[PDB]
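Coordinate inspection notes
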Amino acid sequence: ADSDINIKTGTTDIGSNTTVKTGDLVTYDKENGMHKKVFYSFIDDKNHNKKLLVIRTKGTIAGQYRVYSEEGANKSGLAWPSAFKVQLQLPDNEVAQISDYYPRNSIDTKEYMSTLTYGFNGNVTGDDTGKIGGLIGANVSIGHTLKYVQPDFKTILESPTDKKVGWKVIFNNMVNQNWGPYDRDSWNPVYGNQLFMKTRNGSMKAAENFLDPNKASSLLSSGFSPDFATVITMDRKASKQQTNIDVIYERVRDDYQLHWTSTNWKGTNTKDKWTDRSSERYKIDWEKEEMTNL
Amino acid sequence: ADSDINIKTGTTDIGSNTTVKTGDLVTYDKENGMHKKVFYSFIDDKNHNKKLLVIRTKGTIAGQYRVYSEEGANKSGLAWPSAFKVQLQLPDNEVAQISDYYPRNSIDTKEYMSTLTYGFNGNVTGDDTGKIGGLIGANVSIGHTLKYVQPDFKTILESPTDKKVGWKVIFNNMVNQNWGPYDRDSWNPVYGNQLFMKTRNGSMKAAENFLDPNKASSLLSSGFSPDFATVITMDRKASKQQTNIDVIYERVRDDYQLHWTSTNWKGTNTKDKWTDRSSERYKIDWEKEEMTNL
Amino acid sequence: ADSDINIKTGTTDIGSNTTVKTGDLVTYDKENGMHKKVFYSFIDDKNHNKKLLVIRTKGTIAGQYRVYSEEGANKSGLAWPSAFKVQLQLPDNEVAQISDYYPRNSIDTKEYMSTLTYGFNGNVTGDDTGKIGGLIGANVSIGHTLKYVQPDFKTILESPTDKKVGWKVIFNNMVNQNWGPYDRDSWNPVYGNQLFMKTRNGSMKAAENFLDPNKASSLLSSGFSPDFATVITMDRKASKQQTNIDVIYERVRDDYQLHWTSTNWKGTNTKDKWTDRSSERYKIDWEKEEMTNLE
Amino acid sequence: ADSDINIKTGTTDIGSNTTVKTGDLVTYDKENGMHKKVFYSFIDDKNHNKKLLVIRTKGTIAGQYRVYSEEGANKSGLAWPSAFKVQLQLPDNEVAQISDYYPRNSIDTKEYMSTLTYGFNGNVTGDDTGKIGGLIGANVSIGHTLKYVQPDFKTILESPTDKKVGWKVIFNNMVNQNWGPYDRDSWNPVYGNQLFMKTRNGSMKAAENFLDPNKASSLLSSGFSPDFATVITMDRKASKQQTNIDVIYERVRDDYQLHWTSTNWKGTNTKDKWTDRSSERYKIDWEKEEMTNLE
Amino acid sequence: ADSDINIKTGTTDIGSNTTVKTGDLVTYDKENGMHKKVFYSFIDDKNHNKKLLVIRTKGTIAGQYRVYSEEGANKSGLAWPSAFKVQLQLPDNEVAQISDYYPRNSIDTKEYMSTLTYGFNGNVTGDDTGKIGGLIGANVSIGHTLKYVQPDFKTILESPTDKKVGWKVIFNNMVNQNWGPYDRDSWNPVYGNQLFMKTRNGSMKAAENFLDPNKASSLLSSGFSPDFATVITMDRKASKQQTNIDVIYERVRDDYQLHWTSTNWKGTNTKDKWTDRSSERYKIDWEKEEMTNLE
Amino acid sequence: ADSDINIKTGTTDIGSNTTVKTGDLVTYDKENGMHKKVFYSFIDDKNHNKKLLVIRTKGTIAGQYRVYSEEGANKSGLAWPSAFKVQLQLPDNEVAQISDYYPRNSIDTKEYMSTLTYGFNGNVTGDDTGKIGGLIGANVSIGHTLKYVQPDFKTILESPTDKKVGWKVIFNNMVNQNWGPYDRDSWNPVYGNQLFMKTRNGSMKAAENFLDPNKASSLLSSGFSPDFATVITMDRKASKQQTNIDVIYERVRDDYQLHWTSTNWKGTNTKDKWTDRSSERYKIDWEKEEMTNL
C-alpha cells in the first residue's frame, strides 16, 4: 500500500477528476440456463497513458443438479455441475489489451502441530494373602497434526494473456450427511463413490436415492453467480477505436450413477460428461465510450 | 475492488450527482400472516446507459408453528414452517430486465485435521515372593477430524432469469434440547424423527409433548424478515415506460406428528404439506419514477 | 449493500437534504417499576413518497427478582422476570402504517465436528522364570461433537402487522454457580428445579436459600433496557394528519418456590404467574411534526 | 505511525497537492507463458528533495504444471514451478536509485505450549470367594507442543541494492490428499518423494498417476500474479534525465518423476532443472514523466 | 487517546497547517551488503515550541547466511546473522535532542490454564467357572498448561538518551524441520546444538548438511528491512542551526559449525564472532530544512 | 459513546474551533539512566468552563539488568527492575487541578470450563483352554479448567487526587526458558527462587549463571517507555496564572542472588533493595500557554 512506502493513500490510483461512463448489458440464455450480466465502466483519465475499460462479468449460471435417467429401478443417473467458467477474449487483430483482472490465485496455508509427551507411573498392590506387588512404568509419545480449510468449490484464475482471460470455479469436495468429505475420485471398494448417495441400503428406486439438493452445496442446484473484473487498456492513438470482445459462460457437468448390486448401493462418477457453452459478442466503442451487444 | 486494480475507490459505482426518488409500499395479508414491505429507489444516472430501479423486499413472514390436530391424546399434529420464499416476476413480453440481486449463493467451507501419533512404553513389576517381570510396548494411531458450521436455516438465491428472481430460506437442521441436531429426514427406529419432541416417554397428552417454541429457532414461530434486493434496468428509449411487476411471499409448512407407542413417543414428519402464497402486483412508472400497488 | 450492486454507498438511503425534528418523552411508572422513554424523529424527505416517523422505545424495565412470601421454613417463594415486552399499536381504521422495525430475528448457528480414530498396539512381556509373552491389539472410535452459544435471554421480534409490532426478551437458561445451565423446565427427581437454589442440603430457612441476585443475570434484578426502533409511514394526502399510538411495556414474572423434602431441598417453578402491564397513549401530529403524551 | 509520535496522521507522507502521471505497459511473452504488466506513477512533489517513480510489477506467470515425458507405462516425468521471480535492474553508472520496495521479509512466529500433569488413583477389587485386593497409583506427565502456520509458497524480498531489487515466490510444502505435507526433499525409503503422486499402487500408466492440478496449489498450474512495488528516486539536477531499466520475470521448474517399481510407485524430484526467463527494457523519461518499452 | 479524555481526536497532534519538507537519501555499502535509506521530514509548526525532524531509517541489511569454511567432509563452518542493529547519534555538545522514537518495547504476555479432574469407575466380571468379581476405583488429576508466542527474531529498542538511540533485531529461536525450536544455546549431549543441522547421521559432506536457507527464516539469508523512526527537536533560538548526525547499520554474525564424530553429526555455535559496521554522517540544515550526506 | 445516547459523534468533545499550543521538553538524566520527555498541549476552548493542559509523560527508563557484585565464584548478585513509576504533583496551595488521566485500571477476566463425562464399556475374553470371560464397566468424571492471560508487567494507575497522579508498571511474572512462570516470591525447597537462574548445575562462575537478558522481558534490560496522559484544568479567573508542577520518574530494583550449595545452584530475591528517583520541576504559564523547565 502507498502508506508502506511513505506516500499519501490513493495518490497513485487513477480516476480522480474524470467523468466515468458506465452501463449494464443483460441477456438470458434459456437453453443453457444462464443469466448473463456485463457491468462496464469507461475511465478516460487524462493523466493516465491509456483509456481504460473495466468489465465486470456477473449474473448467475444455474447449477441444474437433476436426475436425468431411469434404467429400471436399479439404475439411475444424476447430472451435476463440476465446474463453472467465465472467459473473455479479444480477437488477435485487436490492439486493445487485457491489463488486469480480479480475483487472482491466492497462496493457500495450513497449520502444523508437533507434540512430545513422556510420563512415569507406579502402583502398589495387595490381597488377603498379604502378598504385595509393585509396578514402575514409563512412556513417551510423539504426535503430528495437520489442519486446513477446504471450500466446496475453488475459485481459480486461469493463465491469462494480453488477449484472453478466464476463471473457473471447480468442485473440490463436499460433506455428505456428516460423512466424507467426498470428491470426484472418492472410491470405496464396496459402495464405490458415495458423493451424492443418499442411503447405502435403502429400499427405494435408484432415482430416489440421490442426496437432496437442499442438503448439498447450493451451487450444485441454484447455481453460481460470477463476480469477476477484467481491465482492458487502449492507446488513444490507435487507428481503430472500436473493438469486439467475446464473453463465454460455461457449465461442465459430471455424470453420477447409482446402481444396485445384489446387496447394496454403489456409486460411480464420470468426469466432464457434458459441457454447456453460452457466448456473446460485444462491441466496445472507445470514442463514444459505450458497449453494446452484437 | 477498485483498489485491487489501481483505481480510486468508488470510481466505477453508479449514482453520484443524481437525485434519487424512493418510496415505501406496505401491505398486511391477514389470512396468510405476512407483513409485506417494498422499499424502492429510482436511480437515473445520466452517465449510465440505463434507468435503474432498486427494489428491496422486506417485512415479516410469520412462522406460525402451531399444534393443529387432536387425534386422541396419543396422537397430535404440529404445523411448522420449513421454507420461506420471496419471488419477483416481470412480464415476459416487456423490456425491463432483472440486472442484479443480493444476496447470492456463497461457497461453503469446512476444516479438516489429520493426526498421527506413536508411542513407546515400558514397566518393571515384582511381588514379595520375588518374581521380577518387565514389559515393552508400542502404539500408533491415526485420526481424522471434520469441523464445519451449520445454520438453522439456509438462505438461497434461486436460479434467476432476466424476468424472474427469488430466494428461499429453508430449514436445515436444529438442536433439540442439547440433542441432535435433527432435520426433516432424521429417523430413529424407536423414537422416529425427534425434531420437535419434548420428551421421549413423558406421560402427558400428545399435544403437550411438542418442543416449546421459545426453545426452538425463533423463525419457526415469530417468523422471518426478508431483506433481499433486486435491481431492474430499463432502456430510456423503450416505447412503453410503464411496467407491472409481481411480488410473491410464500410459506411452506411441514406436518410433524407425535404418536404414543406402548413404550415411548414416536415422531414423523411429512414434507411440504401446506403452502401459503401471498401476491401483490405493482406498477412501475419509469417516467414519474414512482411505484404503486395495483 | 449498495456496493454489492455497483451503487455508490448511501445512494438509496432516505434522509439527505432535510431538516429532522426529534423529541424525548419520558415517564416513570412507579407501581410497575418502569422507566419509559420514547425518542422520536420525523423525517419528511421530499424525494420519498411518504412522511416517516422513527420511534425508539428505550428506558428500563426493572427486574424485581424478590421473595414475596415466606409461610414457613419448609416453603418460601421467589418472584422473578421470565419475560420483558414492548409493543406499539396504531388504530386499525387509520392510514398510518408500520413500515419497518429493528432488531429482527436472526438465524442461529451451531458447530459440528466428526472424528474417526483407529490405532494399533503391541507389547512383549518377560518373566524371571524365562517365559515370554506377546500382545497385539487394534481399536477404532467415532466421535461427534456439537457446540453452540446460548444467551441468558433471547431477544425476539414478534410477528408484526402494519398496525402492530412488538418484541419480547425471554429467559432462556442460566448458569447457577458453575452448575447447569438450568431453565424453567429443568427437573431433577431428587432436588426439584434448581434454577435459583443457593444450596441443596443447606440448613437455613427458605427465604435465604435463594441464589444471590449478584450471582445471577443482572436482568433478573436491576432489569432490562429496551432499545427497539419502529418506523411508521404516512401518506401526505391522508385527510387525517393526526394519529394516536399506544406503547405498552410488560413484565412477566414466574413463581419459583422451593420446599423441603425429608432429606434435601426441592425447587419448583410456575410459569407466567404474574403480569405487570404499563401503557401510554401518544398523539402523533404529522403536520407540526411533534409527538406528545396523553392525547 | 505518525500518531505514535504525536504527529497528525499523513503529515510526513509525500504527494499532497501534486499532479501525478501514471501509465500501464502490457506485454505477453508467448514462449514463456508470461503476462507482464508495469503500472507506473511519477510523483514530482516540490516539497520532496527528489523526483519519484513508483513501479508496480503485476501480470501473471503461468504455472505450467505438465507431464512432459513418458517412457512406457512404467516411467513418466512432470515439470512443475518451484519458484517465480521478478527482478528490476538500473544502470550501474547512472544516478537513478532504488529507494524503497514492498513487500519485505516479515518475522515469522510460532506458538509453544508446555503441560505438566500429575494424578493419583486407587481401587478395591474382589470376587465371590471372599478374596479382596487393592491398588494405589500415581503418575506424572510432561508435554510440549509446537504450532505454526505454513504457506504453500513463501514470498521473499531478495537482498536489494540501490541498483537492483527482486522478489522470489518459492515452493515451501504442500498437502497431497490429506497426507504430508511434502516438500522438494521429502523422502520415504519405499515410495520416494510422494509430493505429486496420485496413488501408491494404482494400475494405470505412470503419466496418469500424477496428482490432478485441481487438487494442488493453483499456483502450480494456473500460475502466480506478482504484485510488487519498487520506488526509484532521481535528483532533479542530474545531467542525464533519461534512465533505462530492465524488468525480468522468471519461472524455475523442478522435474518430478514417477517410477513403477515392480510393486509400487516411487517418486523423485530434481531441483532447478529448467529456467524460463523473460526480459523487457524500458525507458524512463523523467522530464516528460513517461515510461515506454524500448523493444 | 484524546477521545478517552473527552477531547476531539487529533486536537493535540503536531502539524496542522504547515508545509512539510521531506527527502530521501540512499546509499549502498557493497562491502557490508547494506542498502541504507533515510527518509526525513522537517515539520516547523509555529504553534509548537520546537522545530521537528522525523528521521526514518529504512533499507535492507542482507542476511548473508553462507557456508564459509571447510576442513574435509568432516567439518565445515556457517556464518549467519544473529543480530541486526540501527543506531543514530548526535554531537554531545550541540543542542539538538532526541525527543521520541518508534517502535518501543512492548510488554509480553502468556496464557495460563489450570485443570482439576476427578472420576469414579467400577466393573463386574465373570468367567466359565461361575466366579464373579468386581472393582471400584477413583482418581484425581491436576494439570497446568503454559502457552505463548515466540517470534524468530525480537525487535528491541535500546536504552535511549537525548543524544543516542538505537534498535536491535536479535535472533530468538527457530524451528528446524518441525523440530525444536532451537536457539544459540541449545545443547544435546550427543548432537550438540542442532539449530541449523539438516540431518543427524546423513552420509554427505559436512558442508552439504546445513539447513537450506529456504527452510529457515528469510532474515537469515535475504535479510532484514529496518523501519524505525526517530524524532529530533531543535530550539529555534539556538545559535548553531546546523547539526551533524551519525547513522550506523550493523550486522552481528555467529559461527555455526558441524563436525562428524565417530558416529553422528554434532553442531556448535560461537556467539558474536564477526561484526559488520556501516556508518554515514549527515548534515541537518534546520534553516534550509534539508538533510545531506557529508560523504 | 455519544451514539449510544442518540447524539452525533464528537458533539460533546472539547477542542473544535481552537488554536492549540503544544511543546516538547526533553531532558536526559545520566546518573539514573532516564530519558524524560514531556509533550504538552494547551487547549483554551471558549465554550469550555476551564483552560486545559494535557501533559504526556514519555521517554524511556532504562532497565539496567546487570551483575552488580560477585564475592567468589560461588556467590553473585543481579540487580533488576521490579517497578517503573511516573508521578506528577501540583502544589496543594494552588487552584490548578488534576482533572483526568489515561490509562486507568481495567477489570481483568478469566475463562472457566466445567466438564461432565460418563461412559460404559464391556468385553468378552477367552483362551485356547476353551475358557471364557466377560466384563462390564462404567465411569464418571468431572473436570474444571481455568484459563487467563498474564502480562510480564502490569500497568497500574495509582489512586489519584486533584493534586497528585501516578502510574506504576510492576513486574508480574515471567517464563524462564519454557519453565515457570516465576515471580518475586517463587520458592522451591532445593533451588529456591529460580527467577533468573540460567542453570541448576552448571560449573560456570556464579556471575556467569544468570539468564541472558535477550531471553528475558526486554523491559528488564533495555527498559520501559512511559506513555501516560494527565489533564490539568485551570479557572480563567484564578488570580495566579502560573503553576509549578513536579514530574518524577522512578526505577525500583530488586536484588537476585545466586549461591552454589554443596550440590546445586539456589536463588533468592530481595524486594525493593534500591530506588532510583529523577525529578524535574516545570513552570506552567497559563497566560502565555507555554511550559518550561525551571
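What counts, and where the lines are drawn
- Residues numbered from 1 in each chain as written, not as in the entry; some residues may be left out.
- Chains lettered and ligands numbered in written order.
- Part of a larger assembly, values for the part shown.
- Heavy atoms only, no water.
- Salt bridge = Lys/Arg side-chain N within 4 Å of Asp/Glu carboxyl O.
- Helix = DSSP H or I, 4+ residues; strand = E, 2+ residues; numbered from the N terminus.
- Buried < 20%, exposed > 50% of the residue type's maximum accessible area, 1.4 Å probe, protein only.
- Pairing = 2+ DSSP bridges.
- Axes fitted to C-alpha atoms, helices over the stretch in contact; angles between N-to-C directions.
- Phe/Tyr/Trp six-rings, centres within 6.5 Å; stacked < 30°, edge-to-face > 60°.
- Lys NZ or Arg CZ within 6 Å of the ring centre and 35° of its normal.
- Contact = heavy atoms within 4.5 Å.
- Buried area = accessible area lost by both parts, 1.4 Å probe.
- Polar contact = N/O pair within 3.5 Å; in protein donor to acceptor, adjacent residues only side chain to side chain.
- Patch = residues over 30% accessible without salt bridge, like charges linked within 9 Å, V, L, I, M, F, W, Y side chains within 5 Å.
- Areas by Shrake-Rupley, 256 points an atom, 1.4 Å probe, with all protein chains shown as cover.

- What the deposited record gives as its method is X-ray crystallography, and the resolution it gives is 2.3030 Å.

1. Considering the pattern of salt bridges
- If you walk through the whole model with that rule in mind, you get 138 salt bridges over all chains.
- Here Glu250(D) and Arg277(D) are joined by a salt bridge, their closest N and O atoms 3.1 Å apart. Of this pair, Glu250(D) sits in strand 14 (residues 242-260) while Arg277(D) sits in strand 15 (residues 265-285), and the two are 27 residues apart along the sequence.
- With its nearest N and O atoms 2.9 Å apart, the salt bridge here joins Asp152(F) to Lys110(E). Taken as a pair, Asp152(F) in the loop between strand 8 (132-151) and strand 9 (153-157) and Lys110(E) in strand 7 (residues 109-127) lie in two separate chains rather than in one.
- According to the relative accessible area criterion, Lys110(E) is buried, its value standing at 4%.
- A cluster of three or more residues bridged by salt bridges with shared partners is formed by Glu111(A), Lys147(A), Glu111(B), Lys147(B), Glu111(C), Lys147(C), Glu111(D), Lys147(D), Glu111(E), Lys147(E), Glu111(F) and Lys147(F).

2. Let's talk about the sheet that holds strand 8 (residues 132-151) of chain B
- Sheet architecture is open: twelve strands sit in the order 8(C)-7(C)-8(B)-7(B)-8(A)-7(A)-8(D)-7(D)-8(E)-7(E)-8(F)-7(F), paired in antiparallel fashion. With one partner strand each, in any of the chains shown, strand 8 (132-147) of chain C together with strand 7 (111-126) of chain F form the two edges of the open sheet. Across the sheet, the mean angle separating the axes of adjacent strands is 15° when strand polarity is ignored.
- Pairing of strand 7 of chain F with strand 8 of chain F involves 16 bridges; the strand directions are antiparallel. Within strand 8 of chain F, the position partnered with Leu116(F) by the bridge is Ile142(F).

3. Overview of the packing of aromatic side chains
- In total, this model carries 89 aromatic pairs over all chains according to the counting rule given.
- Residues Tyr65(B) and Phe196(B) carry aromatic rings whose centres are separated by 5.3 Å and whose planes lie at 75° to one another, so their mutual orientation is edge-to-face. Note that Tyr65(B) is positioned in the loop between strand 3 (51-61) and strand 4 (66-70) and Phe196(B) in the loop between strand 12 (179-182) and helix 1 (218-221), a separation of 131 residues in sequence. Residues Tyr65(B) and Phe196(B) agree in their burial class; the two are buried.
- Centre to centre, the rings of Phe196(C) and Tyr256(C) are 5.4 Å apart; their planes meet at 80°, and the pair counts as edge-to-face. Separated by 60 residues along the polypeptide, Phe196(C) in the loop between strand 12 (179-182) and helix 1 (218-221) and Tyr256(C) in strand 14 (residues 242-260) bring together distant segments of the chain. Here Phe196(C) and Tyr256(C) have matching classes, each one buried.
- Over the face of the ring belonging to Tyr191(A) we find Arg200(A), whose NZ or CZ atom lies 4.7 Å from the ring centre.
- It is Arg200(F) that lies over the ring of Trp179(F); its NZ or CZ is 4.9 Å from the centre.

4. Things to note about the interface of chain E and chain A
- Taken residue by residue, the interface counts four residues in chain E and five residues in chain A.
- On the chain E side of the interface with chain A, the three residues burying the most area are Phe39(E), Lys58(E) and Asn178(E), jointly 82% of the side's total.
- At the boundary of chain E with chain A, the tally comes to zero salt bridges.
- Here chain E and chain A share two residue pairs in polar contact between them.

5. Observations regarding the interface of chain B and chain C
- Listed by partner, the interface residues are 73 residues for chain B and 63 residues for chain C.
- Contact between chain B and chain C buries roughly 5,600 Å² in total, counting both sides, with carbon and sulfur atoms accounting for 49%.
- Here chain B and chain C share six salt bridges between them.
- Between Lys147(B) and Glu111(C) there is a salt bridge; the shortest N-O distance is 3.9 Å.
- Viewed at the interface, chain C and chain B are joined by 41 residue pairs in polar contact.
- By residue number, the principal contributor to the side of chain B that touches chain C is strand 8 of chain B, which donates 20 residues.

6. Examining a nonpolar patch on the surface
- A surface patch of nonpolar side chains, amounting to about 1,100 Å² of accessible area, comprises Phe120(A), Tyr118(D), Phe120(D), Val140(D), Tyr118(E), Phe120(E), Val140(E), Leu116(F), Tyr118(F), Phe120(F) and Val140(F).
- Breaking the nonpolar patch down by element, the ones donating at least two residues are strand 7 (109-127) of chain D, strand 7 of chain E together with strand 7 of chain F.
- Broken down by element, the nonpolar patch gets its largest block of residues, three residues, from strand 7 of chain F.
- Structurally, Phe120(F) can be placed in strand 7.
- Of the residues examined, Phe120(F) reaches a relative accessible area of 70% and is grouped as exposed.

7. So, the pairing of strand 3 (residues 51-61) of chain F
All names here are of chain F.
- Burial analysis of strand 3 places eleven of its eleven residues in the buried class, which makes it a mostly covered element.
- Here strand 3 shows no split at all, with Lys51, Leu53, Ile55, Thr57, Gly59 and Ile61 on one side and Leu52, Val54, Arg56, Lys58 and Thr60 on the other all buried.
- Sheet analysis places strand 2 (residues 34-43) next to strand 3, joined by ten bridges and oriented antiparallel. Note on strand 3: the bridge partner recorded for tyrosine 40 is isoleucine 55.
- Of the strand pairs in this sheet, strand 3 and strand 13 (residues 228-234) are connected by seven bridges, and their pairing is antiparallel. Following the sheet pairing, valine 54 is matched in strand 13 by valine 231.

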